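First up is the structure itself, then whatever we jot down about it.
Cβ: placed from backbone, ideal geometry, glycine included. Neighbour counts: every protein chain shown. Please treat every number below as a calculation from the coordinates, not as lab data.
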């Protein structure tokens, strides 16, 4: 299983973490990411509810 | 959880209570629509309109197959008993996709297993010359073909193939096909950016069959007594799974869900009534329909839902949040409810709930028939409750009404409440107000 | 990878390489087995054995229904909207259940929807009087009934209903029913503690039909070309989904899966050959069959799996771990390989791989044909590779063989390797070695 | 006495608890199994296969009579009094079988008094009166076959075909016999031979034998499947080719202060790998003493395990400490099969390895996360009532043990490998390490 903590909003799943993910009935092969290598280890600020 | 007495005193009288149901657990049936008619019996002097219609239909149907091939080329069966062993997704070759789009992609592959078998029938599908046809898919399975323009041809053009000049039959035909294409472009034209998804209603799909969805659904079968419901609420949806540019016929998987009533979940309707305060008439601005489920109070965007007599039916959970202040207002904190001054003379001024009558006797003349005298509202009472204790028969203009007994407080009409601040709900009023508060803040 | 060259000198000559495939994606078919014959035509002097057979049968079928009802009284459809579709489980009332038990439970409820349809046919099911009968649960869905001893009664008992004193017919019918029950008790008797499971083979299920699974599977359908495979590997399984204590018939959902080749995986078989060391014969103790998957080497408990000429087939991923020392012994480190002295005179002493033969030239007569001179093995060479380089035709005992090229080292026979320690593989020898080493440690 | 809470840490979750019952107090019944079928109705075209069958049957039967006569000629009244000088080699079981044989010789004489009646039976089950008060049944091995198929077909087909069919049927019966009554029957005196094997002298139809003998117990099926119903051969006749068998019908005696505990294995996560613990599935507890059982020989029911012998076997002391809370001594095996169980349900409380199977209960509508330190997860109504694992939606109960179950860790044992080739190499490597 790929675990999400209570600190992070979403997960970047790519071949670096593992090259094929399963989300219920879908099995998806994934490609490389072009942005930061440490995407999932850095948090950001969040806005106000509306 | 809704406190009806303060709501009524503000002017939100009780309305009907309806259950909340959603589309669920969809069965599938596969059909094909031939968007081109068979003109074989009248092909003697059809002219060149057939070829031109062929090119136009190819031009319209090419982007649909192009978008479908993005998934078709990138869908494959993952190998080995380790995982559920379903479909693998060339995600890097797909590029851009949503959750709903991917889900539809999976359902598209799933349906491919049957679509290959139906495409074995290509010659039979071409041979169809009736507006509805049933075909054997297997010794234990069947499929239906619908012809886009077979009824018109067979009923008008074939019988009238000699009584008028053939050139005239050419025009008529051309005009008929052009009318089909004009009706089609709203749905199957460039508006259809995403044919893969299955959110498209059967009513929209039937535009490819002349807008006659009742024939699609009757031929497939009235599976349940809720049929009109899954029909109006846009719960019956279909998906295009194969597009053919040689025979010009598409395969559609029609979904027939079942309506699951949500437990501990009801829809409440509130009737607004104009009420008197400070020598003027006001109407409170609150949602007409409120969704209370699991003792949780949330709004509902019912515009896309269907409001029957006993239940509220939606093809999707359309629950939306509600402001905390609105929750307090509907809980009893009645001073937080907004109110709008009414300048229209066509706003309702009285309502009837549980047989007890709420009315604004200041705005509308009230008198009681039993005692033959007027019913008086004072200047500090927002609304007047009339019931059998007051008098068993009152009138409001030209209506004689007989009232039941109230179930709440016996001294209802003698107790007042607090009233909230005025609001204005015009589109330009919101911009005007926002400027005023911003200027006030500065 | 495996180092065949270093393994060969230890005596582990290369063998056939087979692919690895496991059942996946099972299809579901439904049948009923009537565990009681229809004795209608012979009822004139059926005696009282029918009633006693009814009671004895009931004594066996009652626990099965009791174990099923632990699920039936604890299984229902949820809203399906509170969470993605599934079947609800009253787990507080179940108490003790494994993952396999719960999975069977889910399949059991899922099949219940078809089982209700089959049960709507109860009177038709009871009326069957052929060993195999075809019925409809709807016009697009067949179901099959397989009676217990209908054919046997139909073939020998009914024709001989007069030619012998039919009291003897009563005795023979009693013996036949008792024979059925004795055959049944191995599978459907008290050994069947978990009817909620899909691990029971069709061979065991056919015992309720006289062990005649070929009729079950032929009537249902040979859908795939690997059918014998799915049959021998205990891959075709079935589950009981309905037990009836009045008509004495069960409903079974038979599974027909498909064999998926586990990609990047193969099974290597190693042949043992006796070899010399210190003037005595030894045979190495290593697994005959090794499973290499995704460049990861591990054992396979191949007793349950079926071995064909081209692939290894299992009804389950029967891969088991393998010692690190076995890993190093199989990838080159022959000093960690076990060896056992051979006392028996019936151990194989030569083997042929890739057209070359590795032989133990001193323990068996070892001469060559094309020159008439004997082939000599020194006391330092464990095995002698004989190929057409030394001579193209060799003689071993009474067989004369022609040999081909070698692909590895040309100077194979001139290079020796290290040898491991002896082992003893008797059941009691393990205890003795453990005790001796324990005493040595103390 | 078992620490099930600490065992759920290692993947061993509580299963059913069963009562241990053993065969005891066996009654006796005497029957006559006639291996030669009466063929007086088919003597017109029976041919010469009958004499060949008789010779083959004599050759089969004679060693049985030989190994019975060693006890017949060495037993006399001097209770039962044995002669050990002329016996030579015998076990305790053999001596008890011999004393039982002589006790049954008293009724064997009375049954032999009806030899003419026994040899004249022409039905599958025939009733004979051995005394004024007691009776005996006679079973003929192939009489139903003859009277149903071969007798009616004596004239419609030529009797050469009848002769060949007779020879083939008798040969098939002999084929079924020889697995049991052939040279495999080295010790015919012993009574450990099951009724199912004895019924191979009657076509494997032990149901007819038992039902005619009139079982009168509610434990009958558990007795039959657990091989509790045993027999003994006490007389063999080489003139009429029949044997008389004392069928023993025992009673299931539940052992006081004895129960059998079942443990369900669950794969658990450790050091980013999935493992399974190597501890026996079934445990015998007798007066607070823990010992193994070869439950393969026994029959397991929903609330009891029935054994026709006391099958308790010793347990290693370290294993005993493992099952009593010291989980660090419980061996574990790495997991290579993608089809090992991963969740299990006890008391309505769900134990699972959420790292290997995704867990997201429906009432919170969210996933249930398992860290890299927790071997298994407990789900109950305290955390969230109804859980979903793949295709199953499951409503759960409440745990009875500690409330802080998911927050407390434990120690873990060493890895092991259970293959026979693996065992030898571990011995070899450990021996090499010692050297």
Segment C:1-107, Cα convex hull volume normalised per residue, Å³: 334 Å³
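Quick one: Kirkwood hydrodynamic radius for chain A, alpha-carbon pairs, angstrom, one decimal?
Working: mean 1/r = 0.0777 Å⁻¹.
The Cα-based Kirkwood calculation yields 12.9 Å.
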Inverse of mean 1/r across different Cα pairs in segment B:149-263, Kirkwood, Å: 16.4 Å
Burial order of peptide ranges B:166-179, D:213-226, B:250-263 (average beta-carbon count within 10 Å, highest first): B:250-263, D:213-226, B:166-179
Calculated FRET efficiency for the pair residue D:326/residue C:119, C-beta based, R₀ 35 Å, to 0.05: 0.10
Label zone at residue B:166 (point 7 Å along Cα-to-Cβ), backbone N below 16 Å, segment B:24-42: B:39-42
Calculated SAXS-style log₁₀ I(q)/I(0) at q = 0.06, 0.11, 0.13 Å⁻¹ - chain B, Debye, Cα scatterers: -0.45, -0.94, -1.09
For D:403, D:39, B:356, order by how many other beta-carbon atoms lie within 10 Å, fewest first: D:403, D:39, B:356
Taking only Cα atoms of the protein assembly as shown, radius of gyration then Dmax in Å: 42.2, 143
Interatomic Cα distance distribution for segment D:121-172, bins of 5 angstrom, percent: 4, 18, 21, 18, 13, 9, 7, 6, 3, 1
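Tell me the mean residue ellipticity at 222 nm calculated for chain B from its helices only (DSSP H runs of n ≥ 4, each -39500 (n - 2.57), averaged over every residue, nearest 500). Numbers along the way, then the final one.
Values: 11 runs with 127 residues, N = 442.
Mean residue ellipticity at 222 nm (helix-derived): -9000 deg cm²/dmol.
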Virtual spin-label span in nm between residue D:134 and residue B:40, 7 Å along Cα→Cβ: 9.1 nm
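Give me B:202, C:102 sorted ascending by neighbouring Cβ count inside 10 Å, so fewest comes first. Please report the intermediate quantities before stating the final value.
Working: B:202 22, C:102 27.
By the 10 Å Cβ count, ascending: B:202, C:102.
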Cβ-based exposure ranking for B:6, A:32, in which fewest neighbours within 10 Å come first: A:32, B:6
Prolate/oblate/rounded label for segment B:322-363 (Cα gyration tensor, a/c 1.5): oblate
Nearest 10 degrees, 0 to 90: helix C:99-119 Cα axis against chain C principal axis: 40 degrees
Kirkwood hydrodynamic radius of segment D:50-171, Cα pairs, Å: 17.9 Å
Overall Cα dimensions of chain D - principal axes, largest extent first, Å: 85, 60, 52
Euclidean distance between Cα centres, segment D:253-300 to segment C:191-248, Å: 30 Å
Test item: C:52-64 mean partner chain Cβ contacts at 10 Å: 1
Residue B:186 versus residue D:292: modelled label distance in nm, points set 7 Å from Cα along the beta carbon direction: 7.9 nm
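Quote the FRET efficiency, to the nearest 0.05, computed for residue D:48 versus residue D:239 with a Förster distance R0 of 25 Å and r equal to the Cβ-Cβ distance. Working shown, then result.
Values: r = 20 Å, r/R0 = 0.78.
Given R0 = 25 Å and the Cβ-Cβ separation, E is 0.80.
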Alpha-carbon Rg with Dmax, taken over segment B:82-237, Å: 19.4, 70
Distance between modelled label sites at residue C:93 and residue B:218, nm, 7 Å Cα→Cβ extension: 4.5 nm
Using a Förster distance of 45 Å, the FRET efficiency for residue D:155-residue C:55 (Cβ separation, nearest 0.05): 0.65
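Compactness ratio of segment C:59-171: Cα Rg over 2.2 N^0.38 Å, N = residue count?
Numbers: Rg = 20.6 Å, N = 113, 2.2 N^0.38 = 13.3 Å.
Taking N as the residue count of segment C:59-171, the ratio is 1.55.
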Principal axis box of segment C:214-310, alpha-carbon based, largest edge first, Å: 74, 30, 23
